[PDB]
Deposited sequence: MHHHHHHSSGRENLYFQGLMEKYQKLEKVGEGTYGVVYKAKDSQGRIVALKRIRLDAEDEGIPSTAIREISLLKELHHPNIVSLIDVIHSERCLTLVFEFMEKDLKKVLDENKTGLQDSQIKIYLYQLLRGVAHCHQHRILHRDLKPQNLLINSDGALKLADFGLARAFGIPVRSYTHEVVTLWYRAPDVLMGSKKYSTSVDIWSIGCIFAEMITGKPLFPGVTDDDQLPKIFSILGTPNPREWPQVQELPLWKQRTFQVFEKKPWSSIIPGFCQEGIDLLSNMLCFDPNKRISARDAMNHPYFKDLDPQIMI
């Protein structure tokens, strides 16, 4: 029994160390452990139905973050749906993903590590978690899968940009349709090649600012054409394709914002609540 500042707090469900827990009255979750204090300050700034809420903290000579409980993550939903999800659902999950991320961006914060397991869903409704690598606007930055990273980041971009999360939302959007990860580079060095092998290699003519990126000067890349959206995501509705393509364009200045994406005609039929 560990004393928080709000309450006293039990199965083991952890990784990477997360437990399940009982309040003196409600079910919570306990994340055990630098990037933790960060996570508190950032999470206090982020109160939103689509961001997993932090309810308490326990300090011992190990930090424990007390969170609202969440049945599962999207990593697990994709294992029950190996060929993708129902169009009704993709729309729902995607929309909530955009709503959480939009809230972050309005509040000058970037998740920077969006991926299915960092998206928790409760049995009712999906929420962003794990702000360990989040970037507050103006504060300097201080293992992982590279499958959802923006190509420009992978190429050495250091600049603050909301576009970085939209790339990740794109890869997740695509993953929900096929059931499979869009850019599963076999090693870390294969990630950019993998990306280009599907979306085509970017060219300086259309996107003049690759040339200014640190890994573009230090490396040449095999030149691919884009694979038609027809073979990447067979049979998906045109509206969806349009949206995904606007999430996945190479030029961070052309890439759609979370808020704009919420207004896309693909979301014509969904209740915005």
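Q: Going by C-alpha coordinates, which parts of the deposited sequence are missing from this model?
A: The deposited sequence has unmodelled segments at 1-14, 24-25, 33-35, 45, 54-63, 92, 156, 175-179, 311-313.
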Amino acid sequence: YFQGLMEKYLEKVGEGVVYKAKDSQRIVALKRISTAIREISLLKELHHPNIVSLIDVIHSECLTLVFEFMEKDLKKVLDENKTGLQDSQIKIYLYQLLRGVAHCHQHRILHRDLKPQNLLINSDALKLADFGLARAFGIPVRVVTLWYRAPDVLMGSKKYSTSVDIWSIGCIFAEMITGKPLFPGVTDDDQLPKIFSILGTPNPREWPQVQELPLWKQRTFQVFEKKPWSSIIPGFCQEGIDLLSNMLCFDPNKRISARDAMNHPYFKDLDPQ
From here on, numbers count along this sequence of modelled residues.
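Q: Would you determine, from the values in the PDB entry, which of 185-193 and 97-105 has the greater average C-alpha temperature factor?
A: Comparing averages over the C-alpha atoms only gives 185-193.
Q: Using only C-alpha atoms and the B-factors in the entry, which stretch averages higher, 163-171 or 74-82?
A: Mean B over CA atoms: larger for 74-82.
Q: Ranking every modelled residue in this chain by its Cα temperature factor as given in the entry, which third contains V13?
A: It falls in the top third of the chain.
Q: Sorting the chain's CA B-factors, does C249 end up in the lowest, middle or highest third?
A: Answer is middle: the recorded C-alpha B-factor places it there.
Q: Is the Cα B-factor recorded for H111 in the lowest, middle or highest third of its chain?
A: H111: CA B-factor falls in the lowest third of its chain.
Q: Place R149 in the lowest, middle or highest third of its chain's C-alpha B-factors, as listed in the PDB entry.
A: According to the entry, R149 has a C-alpha B-factor in the chain's lowest third.
Q: Would you mind checking where the Cα B-factor of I90 ranks among the modelled residues of its chain, as the lowest, middle or highest third?
A: It falls in the bottom third of the chain.
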